[PDB]
>>> print(open('structure.cif').read())   # mmCIF, C-alpha atoms
data_target
#
loop_
_atom_site.label_atom_id
_atom_site.label_comp_id
_atom_site.auth_asym_id
_atom_site.auth_seq_id
_atom_site.Cartn_x
_atom_site.Cartn_y
_atom_site.Cartn_z
CA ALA A 6 -81.44 118.35 -9.00
CA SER A 7 -82.83 121.83 -9.65
CA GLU A 8 -86.28 123.42 -9.61
CA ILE A 9 -85.75 124.79 -13.12
CA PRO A 10 -85.38 121.81 -15.51
CA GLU A 11 -81.96 121.12 -16.98
CA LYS A 12 -83.13 121.84 -20.54
CA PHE A 13 -83.59 125.53 -19.69
CA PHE A 14 -79.90 126.16 -19.02
CA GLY A 15 -77.48 127.30 -21.68
CA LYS A 16 -76.69 130.08 -24.15
CA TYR A 17 -79.21 130.96 -26.86
CA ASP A 18 -79.00 133.21 -29.93
CA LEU A 19 -81.93 135.25 -31.24
CA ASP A 20 -83.28 133.46 -34.32
CA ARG A 21 -86.67 134.91 -35.31
CA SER A 22 -89.67 136.87 -34.04
CA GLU A 23 -93.43 137.14 -34.62
CA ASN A 24 -95.45 140.36 -34.17
CA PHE A 25 -92.43 142.20 -32.73
CA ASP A 26 -92.56 145.29 -34.97
CA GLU A 27 -96.25 145.59 -34.11
CA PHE A 28 -95.33 145.18 -30.44
CA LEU A 29 -92.85 148.06 -30.72
CA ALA A 30 -95.28 150.26 -32.67
CA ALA A 31 -97.88 149.97 -29.90
CA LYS A 32 -95.16 151.21 -27.51
CA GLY A 33 -94.76 154.45 -29.48
CA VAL A 34 -91.43 153.50 -31.08
CA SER A 35 -90.78 155.31 -34.35
CA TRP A 36 -90.17 153.49 -37.62
CA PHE A 37 -86.49 154.49 -37.68
CA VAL A 38 -85.89 153.04 -34.22
CA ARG A 39 -88.00 149.94 -34.92
CA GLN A 40 -85.69 149.24 -37.88
CA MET A 41 -82.52 149.32 -35.75
CA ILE A 42 -84.04 147.27 -32.91
CA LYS A 43 -85.21 144.47 -35.23
CA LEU A 44 -81.66 144.26 -36.63
CA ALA A 45 -79.87 144.04 -33.26
CA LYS A 46 -78.46 140.62 -32.38
CA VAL A 47 -78.98 139.41 -28.81
CA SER A 48 -78.02 136.28 -26.89
CA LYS A 49 -79.50 135.06 -23.62
CA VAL A 50 -77.81 132.94 -20.95
CA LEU A 51 -79.49 131.01 -18.15
CA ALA A 52 -77.17 129.38 -15.63
CA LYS A 53 -77.09 128.12 -12.06
CA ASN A 54 -75.40 130.37 -9.53
CA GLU A 55 -72.30 129.12 -7.73
CA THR A 56 -74.44 128.66 -4.61
CA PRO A 57 -77.33 126.17 -4.76
CA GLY A 58 -80.83 127.60 -4.96
CA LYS A 59 -79.90 130.69 -7.00
CA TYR A 60 -79.66 131.35 -10.72
CA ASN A 61 -78.13 133.81 -13.18
CA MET A 62 -79.65 135.30 -16.32
CA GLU A 63 -77.60 137.31 -18.81
CA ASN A 64 -78.55 139.44 -21.84
CA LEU A 65 -75.66 139.85 -24.36
CA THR A 66 -75.48 142.41 -27.17
CA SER A 67 -72.67 144.00 -29.17
CA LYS A 68 -72.19 146.90 -26.72
CA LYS A 69 -74.28 146.27 -23.57
CA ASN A 70 -74.45 143.18 -21.35
CA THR A 71 -76.94 142.93 -18.49
CA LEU A 72 -76.50 140.26 -15.82
CA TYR A 73 -79.02 139.34 -13.10
CA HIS A 74 -77.17 137.10 -10.64
CA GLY A 75 -77.91 135.35 -7.36
CA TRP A 76 -81.70 135.54 -7.58
CA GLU A 77 -84.20 133.00 -6.25
CA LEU A 78 -87.61 131.99 -7.57
CA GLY A 79 -90.54 133.87 -6.06
CA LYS A 80 -88.19 136.25 -4.21
CA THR A 81 -88.52 139.84 -5.41
CA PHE A 82 -85.31 141.89 -5.36
CA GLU A 83 -84.37 145.49 -6.08
CA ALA A 84 -81.73 146.98 -8.37
CA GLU A 85 -80.73 150.60 -8.94
CA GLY A 86 -79.80 152.14 -12.27
CA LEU A 87 -77.28 154.79 -13.25
CA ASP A 88 -79.42 157.81 -12.31
CA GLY A 89 -80.47 156.12 -9.04
CA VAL A 90 -83.93 154.95 -10.22
CA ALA A 91 -84.92 151.58 -8.77
CA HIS A 92 -86.67 148.52 -10.21
CA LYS A 93 -88.26 145.52 -8.50
CA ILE A 94 -87.62 142.26 -10.36
CA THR A 95 -89.13 138.83 -9.68
CA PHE A 96 -88.42 135.46 -11.31
CA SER A 97 -90.98 132.66 -10.99
CA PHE A 98 -91.31 129.14 -12.39
CA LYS A 99 -94.43 127.01 -12.69
CA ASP A 100 -95.73 124.52 -15.27
CA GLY A 101 -92.75 124.82 -17.59
CA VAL A 102 -92.87 128.64 -17.72
CA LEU A 103 -90.15 130.85 -16.28
CA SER A 104 -91.52 134.37 -15.75
CA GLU A 105 -89.50 137.57 -15.37
CA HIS A 106 -91.43 140.48 -13.85
CA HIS A 107 -90.03 144.02 -13.86
CA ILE A 108 -91.57 147.17 -12.39
CA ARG A 109 -90.24 150.72 -12.11
CA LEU A 110 -90.93 152.25 -8.67
CA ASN A 111 -90.52 155.92 -9.80
CA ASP A 112 -92.83 155.26 -12.81
CA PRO A 113 -96.57 154.27 -12.22
CA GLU A 114 -97.65 150.59 -12.44
CA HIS A 115 -97.87 151.01 -16.28
CA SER A 116 -94.18 149.89 -16.30
CA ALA A 117 -95.36 146.34 -15.41
CA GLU A 118 -93.33 144.20 -17.83
CA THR A 119 -93.45 140.40 -17.82
CA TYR A 120 -91.36 138.06 -19.97
CA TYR A 121 -92.37 134.39 -20.30
CA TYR A 122 -89.70 131.82 -21.19
CA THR A 123 -90.44 128.28 -22.36
CA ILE A 124 -88.33 125.55 -23.93
CA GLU A 125 -90.03 124.48 -27.17
CA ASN A 126 -88.42 122.06 -29.63
CA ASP A 127 -85.07 122.66 -27.87
CA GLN A 128 -85.35 126.44 -28.47
CA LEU A 129 -85.81 129.21 -25.91
CA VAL A 130 -89.11 130.97 -26.62
CA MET A 131 -89.86 134.38 -25.12
CA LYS A 132 -93.42 135.70 -24.96
CA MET A 133 -94.20 139.36 -24.28
CA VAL A 134 -97.62 140.98 -23.81
CA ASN A 135 -98.09 144.75 -23.65
CA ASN A 136 -100.76 147.18 -24.89
CA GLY A 137 -102.84 144.17 -25.90
CA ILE A 138 -100.14 142.96 -28.32
CA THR A 139 -98.62 139.47 -27.98
CA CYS A 140 -95.27 138.81 -29.63
CA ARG A 141 -92.84 135.90 -29.58
CA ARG A 142 -89.08 135.71 -30.10
CA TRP A 143 -87.21 132.44 -30.69
CA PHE A 144 -83.63 131.86 -29.53
CA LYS A 145 -81.68 128.90 -30.88
CA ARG A 146 -79.30 127.02 -28.61
CA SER A 147 -75.61 127.77 -29.07
CA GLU B 8 -56.71 159.14 -24.29
CA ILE B 9 -58.30 158.17 -20.96
CA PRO B 10 -55.63 158.71 -18.27
CA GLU B 11 -54.28 155.75 -16.32
CA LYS B 12 -55.60 156.89 -12.93
CA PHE B 13 -59.21 156.54 -14.09
CA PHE B 14 -59.09 152.75 -14.35
CA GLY B 15 -60.02 150.48 -11.46
CA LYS B 16 -62.95 149.35 -9.31
CA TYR B 17 -64.71 151.80 -6.98
CA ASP B 18 -67.33 151.35 -4.24
CA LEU B 19 -69.98 153.96 -3.45
CA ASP B 20 -68.97 155.92 -0.34
CA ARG B 21 -71.08 159.09 0.01
CA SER B 22 -73.33 161.49 -1.88
CA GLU B 23 -74.41 165.13 -1.73
CA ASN B 24 -77.85 166.50 -2.71
CA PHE B 25 -78.91 163.03 -3.89
CA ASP B 26 -82.23 163.26 -2.02
CA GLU B 27 -83.44 166.46 -3.69
CA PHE B 28 -82.11 165.14 -7.01
CA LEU B 29 -84.42 162.12 -6.79
CA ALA B 30 -87.28 164.26 -5.45
CA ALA B 31 -86.94 166.50 -8.51
CA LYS B 32 -87.27 163.36 -10.67
CA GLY B 33 -90.59 162.41 -9.05
CA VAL B 34 -89.30 159.59 -6.84
CA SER B 35 -91.51 159.09 -3.79
CA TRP B 36 -90.25 159.55 -0.24
CA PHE B 37 -90.37 155.83 0.58
CA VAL B 38 -88.55 154.81 -2.61
CA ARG B 39 -85.94 157.51 -1.91
CA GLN B 40 -85.04 155.95 1.44
CA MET B 41 -84.00 152.58 0.00
CA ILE B 42 -82.24 154.10 -3.03
CA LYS B 43 -79.64 155.83 -0.85
CA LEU B 44 -79.30 152.56 1.06
CA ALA B 45 -78.27 150.67 -2.09
CA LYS B 46 -74.63 149.70 -2.48
CA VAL B 47 -73.21 150.48 -5.93
CA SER B 48 -69.82 149.79 -7.51
CA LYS B 49 -68.33 150.99 -10.79
CA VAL B 50 -65.56 149.47 -12.92
CA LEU B 51 -63.59 151.34 -15.58
CA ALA B 52 -61.26 149.24 -17.71
CA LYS B 53 -59.44 149.18 -21.02
CA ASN B 54 -60.82 146.78 -23.60
CA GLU B 55 -58.60 144.02 -24.97
CA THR B 56 -58.62 146.02 -28.21
CA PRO B 57 -56.65 149.24 -27.58
CA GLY B 58 -58.60 152.43 -28.14
CA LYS B 59 -61.73 150.84 -26.68
CA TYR B 60 -62.98 150.79 -23.11
CA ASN B 61 -65.39 148.99 -20.80
CA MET B 62 -67.50 150.42 -18.00
CA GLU B 63 -69.47 148.31 -15.54
CA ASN B 64 -72.12 149.19 -12.97
CA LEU B 65 -72.41 146.60 -10.19
CA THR B 66 -75.27 146.27 -7.72
CA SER B 67 -76.36 143.49 -5.37
CA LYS B 68 -78.09 141.38 -8.03
CA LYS B 69 -77.73 143.32 -11.31
CA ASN B 70 -74.61 144.21 -13.29
CA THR B 71 -74.58 146.31 -16.47
CA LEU B 72 -71.54 146.28 -18.77
CA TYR B 73 -70.91 148.69 -21.63
CA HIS B 74 -68.01 147.09 -23.50
CA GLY B 75 -65.89 147.97 -26.52
CA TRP B 76 -66.86 151.64 -26.79
CA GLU B 77 -64.72 154.47 -28.15
CA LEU B 78 -64.40 158.10 -27.10
CA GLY B 79 -66.56 160.38 -29.23
CA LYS B 80 -68.40 157.51 -30.93
CA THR B 81 -72.13 157.20 -30.19
CA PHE B 82 -73.50 153.67 -29.86
CA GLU B 83 -76.96 152.20 -29.60
CA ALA B 84 -78.06 149.81 -26.83
CA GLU B 85 -81.17 147.60 -26.97
CA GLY B 86 -82.93 146.20 -23.85
CA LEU B 87 -85.61 143.47 -23.53
CA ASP B 88 -88.35 146.17 -23.15
CA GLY B 89 -87.16 147.86 -26.38
CA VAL B 90 -86.11 151.36 -25.17
CA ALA B 91 -83.25 152.32 -27.58
CA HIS B 92 -80.34 153.79 -25.54
CA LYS B 93 -78.13 156.30 -27.43
CA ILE B 94 -75.05 156.28 -25.11
CA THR B 95 -71.90 158.36 -25.88
CA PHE B 96 -68.59 158.52 -23.96
CA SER B 97 -66.25 161.54 -24.30
CA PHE B 98 -63.18 162.83 -22.48
CA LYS B 99 -61.83 166.38 -22.17
CA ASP B 100 -60.13 168.53 -19.52
CA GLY B 101 -59.91 165.69 -17.00
CA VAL B 102 -63.65 164.92 -17.23
CA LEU B 103 -65.19 161.72 -18.61
CA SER B 104 -68.71 162.43 -19.87
CA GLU B 105 -71.33 159.67 -20.34
CA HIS B 106 -74.30 160.97 -22.40
CA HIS B 107 -77.47 158.87 -22.57
CA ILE B 108 -80.55 159.46 -24.79
CA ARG B 109 -83.72 157.31 -25.01
CA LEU B 110 -84.94 157.35 -28.65
CA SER B 116 -84.36 162.07 -21.78
CA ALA B 117 -80.87 163.53 -21.88
CA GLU B 118 -78.83 162.31 -18.91
CA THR B 119 -75.13 163.17 -18.65
CA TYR B 120 -72.78 161.76 -16.01
CA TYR B 121 -69.47 163.54 -15.37
CA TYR B 122 -66.64 161.51 -13.82
CA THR B 123 -63.43 162.89 -12.33
CA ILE B 124 -60.64 161.49 -10.16
CA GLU B 125 -60.40 163.62 -7.01
CA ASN B 126 -58.15 162.61 -4.09
CA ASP B 127 -57.88 159.12 -5.64
CA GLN B 128 -61.68 158.70 -5.57
CA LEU B 129 -64.10 158.44 -8.47
CA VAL B 130 -66.49 161.40 -8.43
CA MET B 131 -69.76 161.37 -10.38
CA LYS B 132 -71.65 164.61 -11.02
CA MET B 133 -75.23 164.76 -12.28
CA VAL B 134 -77.30 167.81 -13.24
CA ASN B 135 -81.04 167.35 -13.79
CA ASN B 136 -84.09 169.58 -13.21
CA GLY B 137 -81.79 172.27 -11.83
CA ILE B 138 -80.30 170.10 -9.06
CA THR B 139 -76.59 169.25 -9.08
CA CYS B 140 -75.67 166.08 -7.19
CA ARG B 141 -72.31 164.45 -6.55
CA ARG B 142 -71.41 160.89 -5.60
CA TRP B 143 -68.05 159.63 -4.35
CA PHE B 144 -66.68 156.15 -5.03
CA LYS B 145 -63.65 154.99 -3.07
CA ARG B 146 -61.12 152.73 -4.77
CA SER B 147 -61.94 149.12 -3.91
CA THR B 148 -59.54 147.60 -1.39
CA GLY B 149 -57.87 144.24 -1.87
#
>>> encode(input="structure.cif", output="structure tokens")
Amino acid sequence: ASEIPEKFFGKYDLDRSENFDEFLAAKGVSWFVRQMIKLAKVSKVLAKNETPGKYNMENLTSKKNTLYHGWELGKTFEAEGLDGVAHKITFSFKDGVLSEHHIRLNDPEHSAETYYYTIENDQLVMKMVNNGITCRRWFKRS
Amino acid sequence: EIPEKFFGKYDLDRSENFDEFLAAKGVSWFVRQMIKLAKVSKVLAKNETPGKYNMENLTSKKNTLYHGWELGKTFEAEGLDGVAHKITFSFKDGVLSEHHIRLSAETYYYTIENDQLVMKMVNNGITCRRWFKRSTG
């Protein structure tokens, strides 16, 4: 079997959101940019890596795909961006919640982002908390 | 419009002035040591639709793919966090320019020199260059 339950795996398409505009506004995002972000379509993929014990997560949009591959639960890893800047990313699973923790090393700890994924009514639910704002986005299975 | 020699996969080989470049961006000494240690690969490819292109950045556990873009046409990219990325690709005089804007101007200049991919960056007054050798196999 697998540590992450079988129901988590698959491709999911963004369906709806709650409190997301308010989540972006508390981040300093302007109304014009909030309008384009809320319109963007995104799909998420969770899959098992070719080697046992590792998993892949993918973010799909019309022009930019991001793919985190070969990661293990609890094991922090590092990835470097285009300009060289580095991020530490950690995936963790406990009590039906997959957590995705990002942090920018160059930036202070204020870049502490955490995404919480649950399977609810056969949909992928993503919870984000930041600046005291909680928002949820629902992704329907493909 | 992008010449044929630009396409392929390249592995990071060496850099010049990359330390002071990061130091001018505020990166700490300890973080700077592991950044230069990181292996990085880049892929430049034609899209299945002619007139469009793909570019990929490959690291140990994270790959980023910009796909289906056109020269001179700005596009918007949206990440989980929600930091809009205004990325533009242009070509002229043998130089491929990648312009990024967070809605933080960053411009990457790519050339093919001695059959290697060469990336130039200019930020905070420091010019840095990185060489990528064509992937063998």
>>> residues_around(input="structure.cif", residues="residue 80 (chain A)", least_positions_apart="4", cutoff="8 Å", atoms="only C-alpha atoms", output="list in words")
residues 76, 95 and 96 of chain A
>>> closest_residue(input="structure.cif", among="B:65, B:91, B:41, B:31", to="residue 109 (chain B)", atoms="only C-alpha atoms")
B:91
>>> resolve_selection(input="structure.cif", expression="the PyMOL selection byres ((chain A and resi 128) around 8)", output="JSON, numbers by chain")
{"A": [17, 124, 125, 126, 127, 129, 130, 143, 144, 145, 146]}
>>> write_last_selection(input="structure.cif", atoms="C-alpha atoms", output="tab-separated table (two decimals), in the coordinates of the input")
chain	number	residue	atom	x	y	z
A	17	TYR	CA	-79.21	130.96	-26.86
A	124	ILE	CA	-88.33	125.55	-23.93
A	125	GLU	CA	-90.03	124.48	-27.17
A	126	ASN	CA	-88.42	122.06	-29.63
A	127	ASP	CA	-85.07	122.66	-27.87
A	129	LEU	CA	-85.81	129.21	-25.91
A	130	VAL	CA	-89.11	130.97	-26.62
A	143	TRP	CA	-87.21	132.44	-30.69
A	144	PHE	CA	-83.63	131.86	-29.53
A	145	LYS	CA	-81.68	128.90	-30.88
A	146	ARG	CA	-79.30	127.02	-28.61
>>> atom_distance(input="structure.cif", atom1="CA of residue 42 (chain A)", atom2="CA of residue 16 (chain A)")
20.6 Å
>>> interface_residues(input="structure.cif", of="chain B", to="chain A", cutoff="10 Å", atoms="all atoms listed in the file", output="compact mmCIF listing (two decimals) with C-alpha atoms, keeping the file's coordinate frame")
# COMPACT_ATOMS: atom_id res chain seq x y z
CA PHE B 25 -78.91 163.03 -3.89
CA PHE B 28 -82.11 165.14 -7.01
CA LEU B 29 -84.42 162.12 -6.79
CA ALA B 30 -87.28 164.26 -5.45
CA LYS B 32 -87.27 163.36 -10.67
CA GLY B 33 -90.59 162.41 -9.05
CA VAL B 34 -89.30 159.59 -6.84
CA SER B 35 -91.51 159.09 -3.79
CA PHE B 37 -90.37 155.83 0.58
CA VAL B 38 -88.55 154.81 -2.61
CA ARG B 39 -85.94 157.51 -1.91
CA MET B 41 -84.00 152.58 0.00
CA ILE B 42 -82.24 154.10 -3.03
CA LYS B 43 -79.64 155.83 -0.85
CA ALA B 45 -78.27 150.67 -2.09
CA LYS B 46 -74.63 149.70 -2.48
CA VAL B 47 -73.21 150.48 -5.93
CA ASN B 61 -65.39 148.99 -20.80
CA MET B 62 -67.50 150.42 -18.00
CA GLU B 63 -69.47 148.31 -15.54
CA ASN B 64 -72.12 149.19 -12.97
CA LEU B 65 -72.41 146.60 -10.19
CA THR B 66 -75.27 146.27 -7.72
CA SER B 67 -76.36 143.49 -5.37
CA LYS B 68 -78.09 141.38 -8.03
CA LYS B 69 -77.73 143.32 -11.31
CA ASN B 70 -74.61 144.21 -13.29
CA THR B 71 -74.58 146.31 -16.47
CA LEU B 72 -71.54 146.28 -18.77
CA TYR B 73 -70.91 148.69 -21.63
CA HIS B 74 -68.01 147.09 -23.50
CA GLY B 75 -65.89 147.97 -26.52
CA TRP B 76 -66.86 151.64 -26.79
CA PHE B 82 -73.50 153.67 -29.86
CA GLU B 83 -76.96 152.20 -29.60
CA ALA B 84 -78.06 149.81 -26.83
CA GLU B 85 -81.17 147.60 -26.97
CA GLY B 86 -82.93 146.20 -23.85
CA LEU B 87 -85.61 143.47 -23.53
CA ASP B 88 -88.35 146.17 -23.15
CA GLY B 89 -87.16 147.86 -26.38
CA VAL B 90 -86.11 151.36 -25.17
CA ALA B 91 -83.25 152.32 -27.58
CA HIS B 92 -80.34 153.79 -25.54
CA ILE B 94 -75.05 156.28 -25.11
CA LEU B 110 -84.94 157.35 -28.65
CA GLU B 118 -78.83 162.31 -18.91
CA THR B 119 -75.13 163.17 -18.65
CA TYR B 120 -72.78 161.76 -16.01
CA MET B 133 -75.23 164.76 -12.28
CA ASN B 135 -81.04 167.35 -13.79
>>> axis_aligned_box(input="structure.cif", around="region 47-66 of chain A", padding_each_side="8 Å", output="JSON")
{"center_x": -76.6, "center_y": 134.3, "center_z": -16.7, "size_x": 24.5, "size_y": 32.2, "size_z": 40.2}
>>> atom_distance(input="structure.cif", atom1="CA of residue 139 (chain B)", atom2="CA of residue 126 (chain B)")
20.2 Å
>>> residues_around(input="structure.cif", residues="residue 102 (chain B)", least_positions_apart="6", cutoff="7 Å", atoms="all atoms listed in the file", output="NGL selection string")
:B and (121-123)
